[PDB]
Structure formats: structure tokens, C-alpha cells
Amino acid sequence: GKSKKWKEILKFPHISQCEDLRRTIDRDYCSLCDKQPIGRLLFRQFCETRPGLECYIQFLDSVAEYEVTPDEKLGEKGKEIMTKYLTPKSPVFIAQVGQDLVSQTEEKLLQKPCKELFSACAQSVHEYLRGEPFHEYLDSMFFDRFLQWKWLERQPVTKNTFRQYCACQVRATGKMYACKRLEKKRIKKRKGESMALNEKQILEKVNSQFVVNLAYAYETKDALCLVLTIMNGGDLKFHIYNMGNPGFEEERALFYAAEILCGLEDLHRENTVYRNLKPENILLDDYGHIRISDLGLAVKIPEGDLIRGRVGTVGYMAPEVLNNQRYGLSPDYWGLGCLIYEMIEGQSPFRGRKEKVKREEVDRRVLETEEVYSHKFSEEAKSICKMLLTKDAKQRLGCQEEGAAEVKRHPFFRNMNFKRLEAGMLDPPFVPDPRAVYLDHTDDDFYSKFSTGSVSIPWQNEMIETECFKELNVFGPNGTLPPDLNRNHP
């Protein structure tokens, strides 16, 4: 699906074009060698050229597989990593760990296999690469190649960059996205500038496997567009009621709740509250994984502060929202409660699927009545649901200081290995079939703040998935400088 002319659209600029980038990009190890997908691959590639640095990239790779290794094979996988990297006579012996630190890792291995056994070692390796290896890479041809990729990333994004099928496709890469087309005229009479910008900022700032990500924010003569993750597996409401009993088995509900909890955690790391947690806002992708969508009612809370707002949907409003009180992140754990209850039982905890009730009785129920459970719930499921549905937001699960960690420890997730879930190692319970189908200048300033262009991490991830990186990222034969990286002849 790539425009036949793409090799030229994404043609590397000559390295002499990138001096202003070299001078301004902040040289931070974590950002350039890990957080940014293309910088991580280029630093890894640099370490492969030097021999003494090769073994450190292999070790970190094997430690990554150890953390997600099944609990039974932890003791087994531990020995491998040990006898390969942490034995002085090994060929790939990671040396900068220190003799005093390898001797401690021999004890934790003769004791109990914990998924964090090599966490002490992995840090010691990173603190070595933070030093000399990083600064050589910064003067290497691989950082010059990173600057070229950054130059492409920052190129202007226009309606031409895409191909509307709403669901836009990037022409140069073939990547498929869903685009939210916001008509300009309807945003100004309604005073929606602050809300459209507050939503664009939340979308781009959270990078989460379980929340729709922003990849582009451009302007057209006829709208202001948001380009987001595409989701074709349908929404959770459709699967609870049309594809379910009305409802799911507990184990199936557990998987979705675990992914929804991780999504809420990624939002709360940016101290952003969601407030819109309802089944039809949980979407499935093509693989059966979910993401939280529709952040229009989201808002960033300043650390240490509260907010007001009676917003959301009837039935899915926490009692502190219905009473219009100063609240924090607590409405989202009330919403997780409603979601787990509704997945298991097949109806909201305060409104029967077959009840004809008014908005008012629903609200009275949310504030006074204690939801009742059935045999579809295990004791652990009853526990987590009625703790997330604690009306007093001060005694509600996760609304304390520990946060979402207080919820992952709950016995309801006792058989759930989050480390493997966050890594995509667990198979979803349902896989959607592929073929299925489940003019003042003040405006110009708001427009310029919105149309910021391509988002950094999703754009680099797009280049890697579509194999544009693999094919374009080529150097000279035998460690030589390609023409685009040689200043002697532009």
C-alpha cells in the first residue's frame, strides 16, 4: 500500500541540513537510546559495530525475556543468563557489572527465582552505557543517521500526507489510522478551543499500549484533523451484549479489566483523569487487545490538586461527580468497578438490563444502595468490585497514595502476570476475524498551537512497522559512510 514514489518522499536529507537539529536536540541517554524507537535501534546498532559493547546489548535482551518468563521457568532461565554473561571466562562476559555485584546475583539465584533478579545488574549496565558508549555514539555516523530521521519526522504534515478512505492512510508508508475530523466552524460558536486543544495535548502526551495514541495533528482548509490509532475489533459494549450471554466469563472479563487498568495507569502517570469509562469506549484492535478511547472528557490535574465537573454518562458517574465535589483520579476506579461488574453480570450494578428507570433513581442508587452480586462472581471478583465501587472516594481501591499498584495486587488479579500482559505475551480471549466489520487572527493562534505536526514516538513506530526504516536505513559497504552522511561531497 506504499505510494510507489515513497523512497523519494522519505529520502534522507544530506547531513549538512541537520546542524540546527544537532545544536538543539537535548542529548539525554534515556530519550535518545530507549524512549525514541529509532534512536534505540540506532544506538543498539552502534554497539554492534564495536566488539566490547556487543555483549551488553545481548545481556539486556536476555534480561527482558527473563522478566516475562513464566514463573516456573524463572529458575531455569536464570541459570542460562548466569552461565553466559556472569562467568568471568565467558566470551560475552559483561565486565562493568563488577565482581562484587556478580557475587550477589549468585545468591538470589540460589534462593528464590524472582522476576527482578537481574534488575540490579541491568541498572549497572545502563549506567556504564550512559557514560563513554553514549558519547562515542553521539559522535558516530549512527547519531548522524538519527538526526536525518528527526529531520523527516519534523517535516510539515498536510492533507496531502494522507489518503482518506473516517480512516486515513499515510501514502509514503501505507500505515492505516483513524482520523477525527473536527469541523472548524462548529468549534468557535460553541467555544470549543480549550477543549479541542486540551484533548489533543492529552492524546499526544500519553504513550500507552492501552490508550488510543495521537500520531498526527494537521490542519485543512476545511477542518482540524486528529490522526489516532485505528481499532477494528468493535467495542466492548457490543461484545458484552451481542456476542456474550449478555456478559463474559470471569476469566475473559479479567483479561479486559487488566488491560483497562494498565491504560488508566498510563493516564494517571500524566496525572490525567479520564472520567468517561463506559463499555462502548473500550475498543478492540485486530488482535483482540483493547484500548481506552474518547478522551474528550479527560483533563490533566495539577499534581496535588483537585477539580470539579459534573460530566460523563448516566450510570457511570462516581458519587463525587454526581455531587459536584472536588475530586481527583477517583472517578476512574469507580468506572473500573462498573466495568468489571458489567462484564461479569451483563448489566450495570445500578440498572437492570430490563429495568425502565429514570435518570433520578439511577443516581439515587449510585449514592445510597449497595449493589448485589451473583454466583457469576468469585469471592475475589466480589471483593475487587465492591472495593472499586466504594462510595467514599477516600476508602476506594487505588484512590490512595499507592495508586494503581494497590489494584494490581488485589486477589482478583492473583493469576495475572502484568509483566507479560504489558509485553503482549498473553493471548486475548477473542480475536476479531480480519474480514469482519464489528476567520479572526485569534483563531490562527489556536490553529498554530493545534497543528503541531507528527508526534515523535508514534511516527518512529510507524516507520519501523511498515519496514521503511529497515529498507531506508542503509549505510556504506563495509562500515563506510554513505553519500548522504559524507560532508566532503554533497
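The term rigid core refers to the maximal set of C-alpha atoms that superpose within 1.5 Å between the two forms. So that there is no doubt, residue numbering starts at 1 and follows the sequence shown.
Visitor: Which stretch is more displaced from the shown form in 6 other deposited structures of this protein, 270 to 278 or 219 to 227, with RMS over structures and residues of Cα positions after a rigid core fit?
Guide: Higher average C-alpha offset in 6 other deposited structures of this protein goes to 219 to 227.
Visitor: After a core fit, does 106 to 114 or 320 to 328 show the bigger CA gap to the shown form in 6 other deposited structures of this protein?
Guide: So, of the two stretches, the farther one in 6 other deposited structures of this protein is 106 to 114.
Visitor: None, 1 to 3, 4 to 9, or 10 or more: how many residues of the deposited sequence lack coordinates between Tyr438 and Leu439?
Guide: A long stretch, 10 or more residues, is missing between them.
Visitor: So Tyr165 and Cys166 are neighbours in the shown sequence, but is anything from the deposited sequence left out between them? Give the count as none, 1 to 3, 4 to 9, or 10 or more.
Guide: Missing in between: 10 or more residues.
Visitor: Using the B-factors recorded in the PDB entry, average over the C-alpha atoms of 276 to 284 and of 351 to 359, then report which stretch comes out higher.
Guide: Here the higher of the two C-alpha B-factor means belongs to 351 to 359.
Visitor: Mean CA B-factor: is it higher for 257 to 265 or for 400 to 408?
Guide: That would be 400 to 408.
Visitor: Tell me which of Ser124, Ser378, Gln209, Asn417 tops the list for C-alpha B factor in the record.
Guide: Each of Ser124, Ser378, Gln209, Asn417 was compared by C-alpha B-factor; the highest is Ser124.
Visitor: By the entry's C-alpha temperature factors, tell me which of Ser62, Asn461, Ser31, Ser454 sits highest.
Guide: Checking the PDB record, the top C-alpha B-factor among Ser62, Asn461, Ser31, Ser454 is at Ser62.
Visitor: Pull the Cα B-factor of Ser448 out of the PDB entry and bin it into the chain's lowest, middle or highest third.
Guide: Tercile = highest for this residue's CA B-factor.
Visitor: Lowest, middle or highest third of the chain for the C-alpha temperature factor of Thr105?
Guide: Highest third, going by the recorded CA B-factors of the chain.
Visitor: By the record's CA B-factor, is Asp433 among the lowest, middle or highest third of residues in the chain?
Guide: It belongs to the highest third of the chain when residues are ordered by C-alpha B-factor.
Visitor: Pull the Cα B-factor of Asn478 out of the PDB entry and bin it into the chain's lowest, middle or highest third.
Guide: As the PDB entry reports it, the C-alpha B-factor of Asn478 lands in the highest third of its chain.
Visitor: Grab the CA temperature factor for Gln36 from the record and place it in the lowest, middle or highest third of its chain.
Guide: Lowest third.
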